[PDB]
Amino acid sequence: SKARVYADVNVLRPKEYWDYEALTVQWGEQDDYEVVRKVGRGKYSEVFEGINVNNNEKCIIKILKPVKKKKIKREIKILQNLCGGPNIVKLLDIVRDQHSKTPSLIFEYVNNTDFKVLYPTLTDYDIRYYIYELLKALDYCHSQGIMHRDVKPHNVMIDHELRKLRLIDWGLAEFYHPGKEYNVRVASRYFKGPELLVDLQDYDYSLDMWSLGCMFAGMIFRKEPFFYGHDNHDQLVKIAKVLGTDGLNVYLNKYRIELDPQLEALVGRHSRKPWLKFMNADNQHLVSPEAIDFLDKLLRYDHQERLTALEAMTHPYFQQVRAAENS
């Protein structure tokens, strides 16, 4: 398998672009930044609202939990290569604590609303709008030869007042190289594509499009998250019970994948369920046939069949957002 687009980005660029292990970090001054309050955390870090003591401007301080220098260098290089891209978080400085040598990444401040409370109030247009803004970020990073690999609501920060969106936490992101076998232990379970769940390691940018599709389905059907599996095997089962196993086997046969017999039996056999069946009274105002058409073109087992981020931005579902932007 290879990416259908941007497959040669890292082939054509200087090895210094993608050879993140050769990174030399120019450490800043830890004292330039002061923690104000904790605003988030995950397995790999804690995130704080901070203040830049010099200009007294707000910023974000991401304190990294203990990990190999390789993973730290990877996130830093990706952030530096993407800096300035549309809707990409801006890495401003990198500092470390002397004694502990705990690294912190400093970002421009981002002022988000809890997705669990925001999403229920989004209008159909807001959905279309925010999804389009997220697409810009994904098309940009893919175009720069990078896969995010952890698209989920928690990593999409939205300032609803200002209608500003930022794709954050590049800690799981990787550089795309044709034929490379990547680790499938990426993304949040509910947003993992089938390729991850069936051990297809030579995946690509299209993984992020499945994740986006999961988010999107969640939003239009008001169902967070949409595919609610308890473990990785259950995750594929829940996907199979919607998409159907026919397409699953077609997919498995095309890429010559054999499922684990245990997994094969959990999955079983299931007919495809039309998207409309998920329609209900709470979600009805958000569910145009254009919504369904777009969603159906994202949530495909076959990563090669999925819309690219570029194609997605041009789907008629987004026509009003494009018209508005074009002024």
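Residue positions are given as counts along the sequence shown, with the first one as 1. For the two forms, the rigid core is made up of the largest set of C-alpha atoms that agree within 1.5 Å on superposition.
Enquirer: Comparing 129-137 with 94-102, which has C-alphas lying farther from the shown form in 8 other deposited structures of this protein once the core is aligned?
Expert: It is 94-102 whose C-alphas lie farther from the shown form in 8 other deposited structures of this protein.
Enquirer: Between 142-150 and 187-195, point out the one with the higher average CA B-factor as the PDB entry records it.
Expert: 187-195 has the higher mean C-alpha B-factor.
Enquirer: Comparing 16-24 with 311-319, which has the greater mean CA B-factor as deposited?
Expert: Per the deposited B-factors, the answer is 16-24.
Enquirer: According to the Cα B-factor stored in this entry, which of the following is highest: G247, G218, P178, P120?
Expert: Of the candidates given, the C-alpha B-factor peaks at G247.
Enquirer: Return the residue from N87, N111, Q80, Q235 that has the highest Cα B-factor in the entry.
Expert: That would be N111, according to the entry.
Enquirer: Check where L299 lands among this chain's C-alpha B-factors and tell me if it's the lowest, middle or highest third.
Expert: Its C-alpha B-factor belongs to the lowest third of this chain's values.
Enquirer: Ranked by Cα temperature factor within the chain, is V267 in the lowest third, the middle third or the highest third?
Expert: Answer is highest: the recorded C-alpha B-factor places it there.
Enquirer: Quick check on the deposited entry: does the C-alpha B-factor of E133 sit in the lowest, middle or highest third of its chain?
Expert: Its C-alpha B-factor belongs to the lowest third of this chain's values.
Enquirer: Compared with the other modelled residues in the chain, in which third is the CA B-factor of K241?
Expert: It belongs to the highest third of the chain when residues are ordered by C-alpha B-factor.
Enquirer: Taking the values exactly as deposited, rank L207 by C-alpha B-factor within its chain and report the matching third: lowest, middle or highest.
Expert: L207: CA B-factor falls in the lowest third of its chain.
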